[PDB]
Amino acid sequence: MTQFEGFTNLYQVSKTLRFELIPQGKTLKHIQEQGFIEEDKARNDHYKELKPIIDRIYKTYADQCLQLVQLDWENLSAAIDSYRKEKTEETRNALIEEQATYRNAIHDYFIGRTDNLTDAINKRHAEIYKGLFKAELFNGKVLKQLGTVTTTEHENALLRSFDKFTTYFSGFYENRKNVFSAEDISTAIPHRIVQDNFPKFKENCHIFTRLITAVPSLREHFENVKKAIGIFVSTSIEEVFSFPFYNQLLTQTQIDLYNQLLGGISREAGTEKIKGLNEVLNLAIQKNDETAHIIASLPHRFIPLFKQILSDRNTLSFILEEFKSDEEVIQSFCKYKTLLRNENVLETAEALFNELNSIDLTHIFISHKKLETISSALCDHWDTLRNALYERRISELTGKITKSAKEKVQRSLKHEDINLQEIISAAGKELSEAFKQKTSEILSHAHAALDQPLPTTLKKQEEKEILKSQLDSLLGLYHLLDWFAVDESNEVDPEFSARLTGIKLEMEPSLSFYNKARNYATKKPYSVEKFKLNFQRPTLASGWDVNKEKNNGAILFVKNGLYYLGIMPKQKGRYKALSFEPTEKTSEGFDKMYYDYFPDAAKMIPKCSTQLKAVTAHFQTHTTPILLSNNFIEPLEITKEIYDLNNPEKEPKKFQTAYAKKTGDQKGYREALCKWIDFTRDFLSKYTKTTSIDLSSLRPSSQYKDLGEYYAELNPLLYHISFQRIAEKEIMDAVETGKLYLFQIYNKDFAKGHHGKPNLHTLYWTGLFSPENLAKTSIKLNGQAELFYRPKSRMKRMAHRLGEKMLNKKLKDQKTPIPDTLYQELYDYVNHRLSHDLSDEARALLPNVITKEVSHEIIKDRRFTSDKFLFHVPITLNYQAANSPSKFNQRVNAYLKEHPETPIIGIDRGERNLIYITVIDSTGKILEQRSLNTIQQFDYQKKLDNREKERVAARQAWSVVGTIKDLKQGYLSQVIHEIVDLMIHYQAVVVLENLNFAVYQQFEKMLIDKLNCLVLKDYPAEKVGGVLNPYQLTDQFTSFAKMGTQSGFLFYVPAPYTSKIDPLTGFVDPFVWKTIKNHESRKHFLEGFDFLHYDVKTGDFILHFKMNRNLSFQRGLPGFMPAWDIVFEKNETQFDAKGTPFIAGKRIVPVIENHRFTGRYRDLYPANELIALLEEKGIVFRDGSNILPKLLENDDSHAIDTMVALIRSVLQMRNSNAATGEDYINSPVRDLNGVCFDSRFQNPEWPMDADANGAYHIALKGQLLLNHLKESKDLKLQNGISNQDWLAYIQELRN
Amino acid sequence: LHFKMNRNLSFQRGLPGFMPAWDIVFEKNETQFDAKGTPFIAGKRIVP
RNA sequence: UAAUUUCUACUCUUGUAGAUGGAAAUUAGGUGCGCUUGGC
DNA sequence: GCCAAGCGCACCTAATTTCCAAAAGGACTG
DNA sequence: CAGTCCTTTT
Ligand SMILES: [Cl-]
Ligand code: NA
C-alpha cells in the first residue's frame, strides 16, 4: 500500500544559499589595486540614478497607448455578474477567459495589433515595442519615436556609463515586460485595468444608482462636489458613473482625479478641506435623522481606484516644502524663535488672558468646534460643558418644554459660538480657575521653549527630543489661541479681536514648522547597502558551464573539505585568459569543478535549430529541407513539416496538450508528438554539446503521453558535474599574478572550533558535492549566482572588556531563566557597577547565577564591524522530479484513506495565546495540548508585545522605529520546528484556521514552505528526510491567491463554532440576541422553553428547550439534538487537579453603564441571582415545581428581563477577564454521564482553556474532512464545512 | 402601463366602472416626506 | 548583557540550538503624527 | 475620549511577478 | 574581413 516515506521527490524546489567570501593570499590586495570595489559601487550608483530616467520612456509610451483605448465593458460586467450569481466552475472559467479577452484587447494597443486604430499607428506602436526591453533604450532611437524631448548632458553621461555593460539591465527588462504583459499577473497594466480597477468602478456605478434612486437629492449634492473641485467639467455626474467613462479612467492622471472626486482636496494645514463624495455621504449619515437611516441601509462609500502601474502620483492637495539639512531646521527655527521674542508674542498673550479677568465676557466668544476640546482640557469629561450649557438653556425656555424645543436647543449648541460668560455661569467657578492654570502652564512651557537653546545638530535622539519638546510647547499655545472665535458673525470686543488675531498670525507658522521638523526628523538614518560585484565582467557568475568559464569568470574548487570560489577578473591591461591544466590526482592542489549543462531542452533545442534566423528566413520563401552543419558532427536536416510543427499559424502547436484539449484530434496530437520527439533525438545525437550523452534510458517516442513527460526524463541527463585536480603551483601562481581571485566559500560550520550540528544550508552544500549526488543528481547547482560587497555598518566598540564578566540568562539549573527585571541589575552588580543596593529578589538569585570571565575579546555585531564579501548561489532540490507536481492532493488522500489511524494536529490562533496546538488521535481524543507563547524557556509573546509598544512609543517620540519581523521570524522558526517534529513523529495531518472566514498568516507561509522541502538534520542523506531525499508534505506553493482548502497534509477549516462549543456535547448557544430586544420578544422567548424546575438533589436549575421551538430567535443551526437541558449550575466551590479552588457555574459578563457603556467586566453567579429573584417575588421553588409560568404570570418587566439576562449569561460558555487571566469554558448542559464541562477542573484529557478548546475543534473539523474522505468514492476532499454539517457531525458523535 | 377596460374581459370581474382606460404607474422607489416630516419610499408594496 | 551568510534564542564549548529563496521590479496595506468637517 | 469620512508626511510589512543560461547573434575594433 | 566579447534569445 502507500507509505509516508513515499512523499519525496515529487517536485523540484529552488533555494538560494548565502555565504561569506574570504579572499586568499594577494586577492584582496589585487582587488584594491585594480579599483574593482569602487567601480562596482559606482555602477550601482549610476543604475539607481539612470533608472527613473529610463522609466520616463515606459510611462510616456504606456499613457500614449492608454489614452487611445476605447472598449465596451458590458460583456465583462456580465461575466462578473454571472459568476457572482451562480458560483460555479463554469461561470468562473467564463470570467477568466473574458478577462483574458479584455487583457489582450488592452495589450493590442501596446504591440500595435488593435483593429481600433489606423494601420500606420499600429506600425509606430509595433516599432517602439520591439525596442523597449533591450539596448535600444540607451541609444535614443526609442525616444526619437516617442516625443520631441531630448536628453540632458548629465543624462547622456549616465547612458554612456553603461557602454558595453547594458546587460546589467537584464532583470530590469524582465521587470518591465512584467508591466506590459497580457498575462494574468499582478505586475501588469492590463491586469490592473481589467481585474483590479474595472470591478471597483463597476461597483461604484451600482452604488451611485442605488443612492440617487432612494434619495434623489444626493444627485445634486454630488454634482456640486464635482463643480467645487473643478474636475470632469464636460462630463455629467451620471456619465462619471457609467461604463463608457471607464475608458477615460486608465491613465494615472485621470485615476487621481476620480479619487479626488471621491476623497476631496486639502490645502495648508488649518485651512478648511474641500469635501469629496465619501465625506458628503458620511456627514449625511451622521445627522442621525430619518434620511440618514435610509442612506446608511444602502452602500454609502465609493471605492477609490488603484494606481496605474509605474505611473507617477499627482495630487491637487497642497504638499509641504521639505527640510534638507539638520542645519536648515535649526537655523530656520532659531530665526523664527528669535523673531517671536522680538515680536513679544508671549507678553501680548499673557495680557490677553488677563483681560478675561475684567473685560465683559459677553463679547468674548468660544468657537463651537472647540467646545469639546476645552471640556476635555479644563473639565472632568468631554461632554461636561455641552451638558452644562444644554441644561442651563432648556431651563430658560417658556411654556411646555416639548421634545421639539429640547431638540432645537441641542442643534443650537452645534451651530452658534458661545460667550465665556454663559460657559462660566453654566459650569462652576472651577472652570475659571482651571483656565488660569492651563493658561499659565502653556505660557510657562512656551517661555521655557523660547529661552532654551537649540542643539548643534540632530544626530542624537536627545537633540531631536529638544527640538520636538519646544515645538510641542509652541503648538500648545497655537491650540489655546485657536479656542477663540474671531469671526465677525458675533459681536466680539474689537480690540480683543484685533490683538488676538495679531498673535495668531505670528503663531501660525508653528504648525507648518511642527510638520516640517517631524517630516524631516523621523527620516530613516542612512545605511550602507550591499552592492553587486562584477569585477568588470558583464555576465559574472551567469552560468557555471565549462564552455562559458571564459565569459563568466566563475569557477569552484574543493581542497581538503573546504570550498573555494575562483573569480577571473578582466584587469587593467592585456593578459592572456587563464586556463587550467589537469594533472595526476596524486599531485597536491585543488579539485576544480567541471560543470556540463544543456539548459531546458524545450527552449534550447529550437533555439539552436528550428528558430535559427537562417532557417526562419529560408522557410519564408522555400519549401525544401535545410541542412545545418555548424555545431553538428553530422548534418541536421530540418523539413517544412518540422518547422511548421514548432512555428504554427496560431497557437497551440500540434504536440501540446491544449491542442488535444481543443481540436480533439488525439490521432493528430500523437502523430506530431512522435515527429517532434524524434526530431529532438536527431538533434541531440548531432549537436556538439549533447552528441556524447548517453540517451539510452529514454523510451521510444510513441510511448510518451505528453511532451512534459518526455522533457522530465530527458533534462536530468543533460546535466553533469565532475572534478579534476589542478596543481597547487598553477593556482597559487595565478593568485600571485592576479589572473585569479580566490575566495574561501565560508560560513561558521567551517570554523576551526566548529564541533556541533551544521546549518541545514551547509547540509545542502556538502550534499550537493557528495559522491552519491555526483553519481545521481538529487541537488543541482544553478547559475545566476551573485557576489556582493557589504561595507561595515556598526562601529567596532568591543562588548567585552578584558576585566568584565558576562552573565548567563539562565541559572545554574541551565533551565530556569533570570527574570527580565533582574537581569540588568545583576549584570551591573557582578561587574561592580551598581550605583545602589541590590534588589532583595536579585540578592536571592545571586548565589545561583553563572558569570564568565572574558578570556578573549568578542565584539557585538562583529560581522558588521568589517567590510565583507558575500556570495549567493541558487540550487535546485529534487532535480529528478518535474518542475510541478501532478495531482499532489490525490496522492495524499489515497495515503489517508489507506491510513485511518492518522492523528491530527489542530493549530489555533488564540485570544490569550499567539499559537495553541492540540493533537488528537483518530478516535477524537487529545494526545497533547499546549500554548506556544513560551518556547525554549523564552516568552515570545511578552517580547513581541513589548517590542510593538516600543515601536509605537518610538513613532510618537520621533526616535528610530526599527523592525519586528526579525523577532517574529525568530519565534515562528521555533514554532515551525516543533510542528514539523510533531508531524513526523505522529505522521499527522495539520489543520489550520481559514483566515477568509499577523503571526498566524506569517506562520502559514513559513509552515507551507518548510513542508515543500523538509530535511531533518539528524537523518542520513540516503534516508527519506535526508538531504538527498527531502520530504514533501505540502503542495507546491505558488501564491496565496491560488491556494485551496487542502495543501497536501495541510488542511484549512472554518473558524466558527470551534471555541464557543462544549467539548463533551457539541452544544452551542443557539440564539441571536439581536432578535431579543423588546418586552414582547423577551416574553415569547421565555414561552419557548417547556419548563424551569429546581433539582433539590444537585441544587442546579434545569431549563428545558426543545430545538424544534422558538425558531424565530435561532441562528438556523438545529444541529443533531432535539432538546437540551440547560443547567444553572449551583454556585459551589470545586477544586482543580493542582488543588486550586474555583466557583462552579460562574460567569464573567461586561459591566454596563446606562444605555451602552462597557469598559470593565464583573463576576456573575446565575444560580444564586435566580434564587435572589425568586425569593424577592416569594415564588416557591424547592418543591421541584415549574417556575416559568409563575415568572410571567403577572408580566413583571424586571422579572422576565432579569431572567433573559441570566439565561443568556448561562449560555455564555466562554468567560474571560484579562485582568486575572481567566479564559475558561463552562458548559450549560450536562453530557451523557451527567457532567457539565468545566475547563477549570484542568483535566488533561480535555481542553484546559478556551483557546485549547479552539485548537481541539479545529483538529476535529479536520477529522470531519478525513471521515468524509474514507466514505467518499473519490480522492477529492469536500470544499468547506457548513456550520450545520459541523454541528450535526460533532453532536451525533458525542450523544 | 396603459390598460383599456374593454380588454382582458376574461380576467375581469364584469365591473367596467366609468373610465374606459387607466394609466397604471410603477412609481420610482424614491424617498418622500409626510406632513410630520417622516419619510417613506414611494410605490412600496408589502407582499405575502 | 557577547561571537552568526543572515535571523531568533543561547554560552559546557574561540562558539551552541533551531530556522533561513536570493536578486530585481511593482503594487497593496498598516502603525504614528498633523490637519478638515462632522457624531456621540 | 473615543469614533466617522478624508487629505499630507515619516517608516514598516507583505504579496506577487521575472530570472536562476548556453549559445545564437551581431556590434565593435584593428 | 576575422576575431572578440557584449547582447539577446529559445
Ligand atoms: Cl467560536
Ligand atoms: Na552549530
# chains A, B, ... in the order shown; residues from 1 in each chain; ligands from 1

$ residues_around --residues "residue 10 of chain C" --least-positions-apart "6" --cutoff "12 Å" --atoms "only C-alpha atoms (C1' of nucleotides)" --output "ChimeraX atom specification"
/A:807-810,814-815,817,936-938 /C:2-3,16-18

$ residues_near_ligand --ligand "ligand 2" --cutoff "7 Å" --atoms "only C-alpha atoms (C1' of nucleotides) and all ligand atoms" --output "list in words"
residues 749, 754, 756, 757, 758 and 759 of chain A; 16 of chain C

$ write_last_selection --atoms "N, CA, C and O atoms (P, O5', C5', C4', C3', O3' and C1' of nucleotides)" --output "PDB file, in the first residue's frame"
ATOM      1  N   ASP A 749      30.175  26.841   9.975  1.00  0.00           N
ATOM      2  CA  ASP A 749      30.377  25.406  10.058  1.00  0.00           C
ATOM      3  C   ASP A 749      31.792  25.024   9.612  1.00  0.00           C
ATOM      4  O   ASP A 749      32.192  23.875   9.801  1.00  0.00           O
ATOM      5  N   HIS A 754      34.354  24.637  15.160  1.00  0.00           N
ATOM      6  CA  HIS A 754      33.069  24.010  14.905  1.00  0.00           C
ATOM      7  C   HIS A 754      33.112  22.580  15.425  1.00  0.00           C
ATOM      8  O   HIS A 754      34.087  21.882  15.188  1.00  0.00           O
ATOM      9  N   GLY A 756      29.628  20.946  16.398  1.00  0.00           N
ATOM     10  CA  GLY A 756      28.248  20.534  16.609  1.00  0.00           C
ATOM     11  C   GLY A 756      27.547  20.257  15.284  1.00  0.00           C
ATOM     12  O   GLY A 756      28.194  20.052  14.264  1.00  0.00           O
ATOM     13  N   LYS A 757      26.215  20.271  15.314  1.00  0.00           N
ATOM     14  CA  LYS A 757      25.429  20.082  14.107  1.00  0.00           C
ATOM     15  C   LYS A 757      25.605  21.292  13.192  1.00  0.00           C
ATOM     16  O   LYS A 757      25.691  22.438  13.643  1.00  0.00           O
ATOM     17  N   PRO A 758      25.693  21.051  11.869  1.00  0.00           N
ATOM     18  CA  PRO A 758      25.777  22.123  10.889  1.00  0.00           C
ATOM     19  C   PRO A 758      24.425  22.754  10.592  1.00  0.00           C
ATOM     20  O   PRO A 758      23.399  22.188  10.942  1.00  0.00           O
ATOM     21  N   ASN A 759      24.443  23.924   9.948  1.00  0.00           N
ATOM     22  CA  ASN A 759      23.238  24.524   9.403  1.00  0.00           C
ATOM     23  C   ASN A 759      22.675  23.606   8.320  1.00  0.00           C
ATOM     24  O   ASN A 759      23.435  22.879   7.690  1.00  0.00           O
TER      25      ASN A 759
ATOM     26  P     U C  16      29.713  25.354  17.132  1.00  0.00           P
ATOM     27  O5'   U C  16      28.561  25.332  18.242  1.00  0.00           O
ATOM     28  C5'   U C  16      28.639  24.403  19.354  1.00  0.00           C
ATOM     29  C4'   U C  16      27.364  24.470  20.162  1.00  0.00           C
ATOM     30  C3'   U C  16      26.061  24.273  19.382  1.00  0.00           C
ATOM     31  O3'   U C  16      25.723  22.910  19.190  1.00  0.00           O
ATOM     32  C1'   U C  16      25.837  26.156  20.786  1.00  0.00           C
TER      33        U C  16
END

$ residues_near_ligand --ligand "ligand 1" --cutoff "9 Å" --atoms "only C-alpha atoms (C1' of nucleotides) and all ligand atoms" --output "short mmCIF file (atom, residue, chain, number, x, y, z; two decimals) with N, CA, C and O atoms, in the first residue's frame"
data_model
loop_
_atom_site.label_atom_id
_atom_site.label_comp_id
_atom_site.auth_asym_id
_atom_site.auth_seq_id
_atom_site.Cartn_x
_atom_site.Cartn_y
_atom_site.Cartn_z
N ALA A 1055 -13.36 28.81 11.08
CA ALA A 1055 -13.14 29.09 12.49
C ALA A 1055 -14.43 29.01 13.32
O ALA A 1055 -14.38 28.62 14.48
N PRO A 1056 -15.60 29.43 12.81
CA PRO A 1056 -16.84 29.40 13.59
C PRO A 1056 -17.13 28.10 14.35
O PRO A 1056 -16.98 27.00 13.82
N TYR A 1057 -17.57 28.26 15.61
CA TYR A 1057 -18.06 27.20 16.48
C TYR A 1057 -16.96 26.18 16.76
O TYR A 1057 -17.22 24.98 16.76
N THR A 1058 -15.77 26.69 17.06
CA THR A 1058 -14.64 25.86 17.44
C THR A 1058 -14.20 26.18 18.87
O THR A 1058 -13.64 25.32 19.54
N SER A 1059 -14.44 27.42 19.33
CA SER A 1059 -14.11 27.85 20.68
C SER A 1059 -15.33 27.79 21.59
O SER A 1059 -15.29 27.18 22.66
N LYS A 1060 -16.41 28.46 21.17
CA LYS A 1060 -17.60 28.60 21.99
C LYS A 1060 -18.47 27.37 21.79
O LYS A 1060 -19.61 27.48 21.33
N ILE A 1061 -17.93 26.21 22.14
CA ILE A 1061 -18.61 24.94 21.93
C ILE A 1061 -18.21 24.00 23.05
O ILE A 1061 -17.06 23.99 23.47
N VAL A 1068 -23.90 24.48 21.35
CA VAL A 1068 -23.58 25.88 21.10
C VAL A 1068 -24.81 26.71 21.45
O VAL A 1068 -25.94 26.23 21.30
N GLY A 1254 -10.46 25.68 21.17
CA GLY A 1254 -10.41 26.07 19.77
C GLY A 1254 -9.55 25.10 18.96
O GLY A 1254 -10.00 24.56 17.95
#

$ interface_residues --of "chain B" --to "chain A" --cutoff "7 Å" --atoms "only C-alpha atoms" --output "PyMOL selection string"
chain B and resi 29-31+38-39

$ atom_distance --atom1 "atom CA of residue 888 of chain A" --atom2 "atom CA of residue 984 of chain A"
18.5 Å

$ residues_around --residues "residue 12 of chain D" --least-positions-apart "3" --cutoff "9 Å" --atoms "only C-alpha atoms (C1' of nucleotides)" --output "PDB file with C-alpha atoms (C1' of nucleotides), in the first residue's frame"
ATOM      1  CA  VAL A 961      11.318  52.597  14.860  1.00  0.00           C
ATOM      2  CA  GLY A 962      13.240  49.529  13.694  1.00  0.00           C
ATOM      3  CA  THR A 963      11.933  46.078  12.806  1.00  0.00           C
ATOM      4  CA  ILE A 964       9.684  43.421  14.358  1.00  0.00           C
TER       5      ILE A 964
ATOM      6  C1'   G C  30      -0.573  49.028   8.194  1.00  0.00           C
ATOM      7  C1'   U C  31       1.257  51.964  12.501  1.00  0.00           C
TER       8        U C  31
END

$ atom_distance --atom1 "atom CA of residue 894 of chain A" --atom2 "atom CA of residue 1054 of chain A"
23.6 Å

$ interface_residues --of "chain E" --to "chain A" --cutoff "9 Å" --atoms "only C-alpha atoms (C1' of nucleotides)" --output "list in words"
residues 5, 6, 7, 8, 9 and 10 of chain E

$ write_last_selection --atoms "C-alpha atoms (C1' of nucleotides)" --output "tab-separated table (two decimals), in the first residue's frame"
chain	number	residue	atom	x	y	z
E	5	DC	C1'	33.10	39.83	-26.47
E	6	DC	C1'	28.84	42.07	-25.11
E	7	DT	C1'	23.67	41.44	-26.22
E	8	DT	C1'	19.76	38.77	-26.96
E	9	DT	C1'	17.47	34.62	-27.34
E	10	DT	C1'	14.66	29.97	-27.03

$ residues_around --residues "residue 638 of chain A" --least-positions-apart "6" --cutoff "10 Å" --atoms "only C-alpha atoms (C1' of nucleotides)" --output "list in words"
residues 609, 610, 615, 619, 624, 625, 626, 627, 628, 679 and 683 of chain A

$ write_last_selection --atoms "C-alpha atoms" --output "PDB file, in the first residue's frame"
ATOM      1  CA  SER A 609      17.811  24.517 -34.667  1.00  0.00           C
ATOM      2  CA  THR A 610      14.325  25.487 -35.863  1.00  0.00           C
ATOM      3  CA  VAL A 615      16.098  28.652 -41.061  1.00  0.00           C
ATOM      4  CA  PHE A 619      11.217  28.625 -44.977  1.00  0.00           C
ATOM      5  CA  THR A 624      12.651  22.360 -49.442  1.00  0.00           C
ATOM      6  CA  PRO A 625      14.659  20.938 -46.483  1.00  0.00           C
ATOM      7  CA  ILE A 626      17.602  22.781 -44.906  1.00  0.00           C
ATOM      8  CA  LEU A 627      20.814  21.146 -43.605  1.00  0.00           C
ATOM      9  CA  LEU A 628      22.703  22.538 -40.590  1.00  0.00           C
ATOM     10  CA  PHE A 679      13.381  15.480 -34.070  1.00  0.00           C
ATOM     11  CA  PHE A 683      19.284  16.986 -32.747  1.00  0.00           C
TER      12      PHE A 683
END

$ atom_distance --atom1 "atom CA of residue 1067 of chain A" --atom2 "atom CA of residue 1083 of chain A"
23.8 Å

$ interface_residues --of "chain D" --to "chain A" --cutoff "8 Å" --atoms "only C-alpha atoms (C1' of nucleotides)" --output "JSON, numbers by chain"
{"D": [1, 4, 5, 6, 7, 8, 9, 10, 11, 12, 13, 16, 17, 18, 19, 20, 21, 22, 23, 24]}

$ select_by_dssp --residues "segment 462-578 of chain A" --states "strand (DSSP E)" --output "JSON, numbers by chain"
{"A": [531, 532, 533, 554, 555, 556, 557, 558, 559, 562, 563, 564, 565, 566, 567]}

$ closest_atom_pairs --of "chain C" --to "chain A" --cutoff "7 Å" --atoms "only C-alpha atoms (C1' of nucleotides)" --output "CSV"
residue,atom,partner,partner_atom,distance
C:1,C1',A:827,CA,6.7
C:2,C1',A:860,CA,5.9
C:3,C1',A:858,CA,6.1
C:4,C1',A:748,CA,6.9
C:5,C1',A:19,CA,4.1
C:7,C1',A:966,CA,5.8
C:8,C1',A:970,CA,3.6
C:14,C1',A:753,CA,6.8
C:15,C1',A:753,CA,6.9
C:18,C1',A:974,CA,6.2
C:19,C1',A:973,CA,4.9
C:21,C1',A:15,CA,4.4
C:22,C1',A:16,CA,5.1
C:24,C1',A:171,CA,6.0
C:25,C1',A:175,CA,4.9
C:26,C1',A:187,CA,5.8
C:32,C1',A:955,CA,5.1
C:33,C1',A:956,CA,6.8
C:34,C1',A:515,CA,6.2
C:35,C1',A:269,CA,4.9
C:36,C1',A:273,CA,4.8
C:38,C1',A:283,CA,5.9
C:39,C1',A:286,CA,5.7

$ write_last_selection --atoms "C-alpha atoms (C1' of nucleotides)" --output "PDB file, in the first residue's frame"
ATOM      1  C1'   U C   1      24.343  41.909  28.561  1.00  0.00           C
ATOM      2  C1'   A C   2      28.551  38.635  23.611  1.00  0.00           C
ATOM      3  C1'   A C   3      30.640  35.623  18.510  1.00  0.00           C
ATOM      4  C1'   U C   4      26.477  34.078  13.065  1.00  0.00           C
ATOM      5  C1'   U C   5      25.590  34.158   5.226  1.00  0.00           C
ATOM      6  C1'   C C   7      17.551  35.898  11.903  1.00  0.00           C
ATOM      7  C1'   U C   8      15.969  34.369  16.754  1.00  0.00           C
ATOM      8  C1'   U C  14      37.335  30.790  20.226  1.00  0.00           C
ATOM      9  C1'   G C  15      31.467  29.027  19.705  1.00  0.00           C
ATOM     10  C1'   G C  18      16.740  25.880  15.591  1.00  0.00           C
ATOM     11  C1'   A C  19      15.486  28.391  11.203  1.00  0.00           C
ATOM     12  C1'   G C  21      14.925  31.574  -1.673  1.00  0.00           C
ATOM     13  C1'   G C  22      18.038  35.089  -3.452  1.00  0.00           C
ATOM     14  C1'   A C  24      15.243  42.824  -9.143  1.00  0.00           C
ATOM     15  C1'   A C  25      10.627  45.208 -10.020  1.00  0.00           C
ATOM     16  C1'   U C  26       5.882  46.521  -8.575  1.00  0.00           C
ATOM     17  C1'   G C  32       2.374  57.101  14.138  1.00  0.00           C
ATOM     18  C1'   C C  33       1.915  62.332  13.909  1.00  0.00           C
ATOM     19  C1'   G C  34      -0.568  66.792  11.740  1.00  0.00           C
ATOM     20  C1'   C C  35      -4.920  68.896   9.772  1.00  0.00           C
ATOM     21  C1'   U C  36     -10.511  69.309   7.839  1.00  0.00           C
ATOM     22  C1'   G C  38     -18.786  66.104  11.483  1.00  0.00           C
ATOM     23  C1'   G C  39     -21.030  62.192  15.509  1.00  0.00           C
TER      24        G C  39
END

$ residues_around --residues "residue 3 of chain E" --least-positions-apart "4" --cutoff "12 Å" --atoms "only C-alpha atoms (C1' of nucleotides)" --output "JSON, numbers by chain"
{"D": [28, 29, 30]}

$ decode --residues "segment 14-40 of chain C" --atoms "C-alpha atoms (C1' of nucleotides)" --output "PDB file, in the first residue's frame"
ATOM      1  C1'   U C  14      37.335  30.790  20.226  1.00  0.00           C
ATOM      2  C1'   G C  15      31.467  29.027  19.705  1.00  0.00           C
ATOM      3  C1'   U C  16      25.837  26.156  20.786  1.00  0.00           C
ATOM      4  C1'   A C  17      20.381  25.122  19.088  1.00  0.00           C
ATOM      5  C1'   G C  18      16.740  25.880  15.591  1.00  0.00           C
ATOM      6  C1'   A C  19      15.486  28.391  11.203  1.00  0.00           C
ATOM      7  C1'   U C  20      16.905  30.673   6.532  1.00  0.00           C
ATOM      8  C1'   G C  21      14.925  31.574  -1.673  1.00  0.00           C
ATOM      9  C1'   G C  22      18.038  35.089  -3.452  1.00  0.00           C
ATOM     10  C1'   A C  23      18.093  39.399  -6.530  1.00  0.00           C
ATOM     11  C1'   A C  24      15.243  42.824  -9.143  1.00  0.00           C
ATOM     12  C1'   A C  25      10.627  45.208 -10.020  1.00  0.00           C
ATOM     13  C1'   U C  26       5.882  46.521  -8.575  1.00  0.00           C
ATOM     14  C1'   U C  27       1.559  47.070  -6.011  1.00  0.00           C
ATOM     15  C1'   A C  28      -1.396  46.913  -1.759  1.00  0.00           C
ATOM     16  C1'   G C  29      -1.909  47.633   3.296  1.00  0.00           C
ATOM     17  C1'   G C  30      -0.573  49.028   8.194  1.00  0.00           C
ATOM     18  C1'   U C  31       1.257  51.964  12.501  1.00  0.00           C
ATOM     19  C1'   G C  32       2.374  57.101  14.138  1.00  0.00           C
ATOM     20  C1'   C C  33       1.915  62.332  13.909  1.00  0.00           C
ATOM     21  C1'   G C  34      -0.568  66.792  11.740  1.00  0.00           C
ATOM     22  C1'   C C  35      -4.920  68.896   9.772  1.00  0.00           C
ATOM     23  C1'   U C  36     -10.511  69.309   7.839  1.00  0.00           C
ATOM     24  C1'   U C  37     -15.805  68.650   8.515  1.00  0.00           C
ATOM     25  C1'   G C  38     -18.786  66.104  11.483  1.00  0.00           C
ATOM     26  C1'   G C  39     -21.030  62.192  15.509  1.00  0.00           C
ATOM     27  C1'   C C  40     -21.674  60.748  20.470  1.00  0.00           C
TER      28        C C  40
END
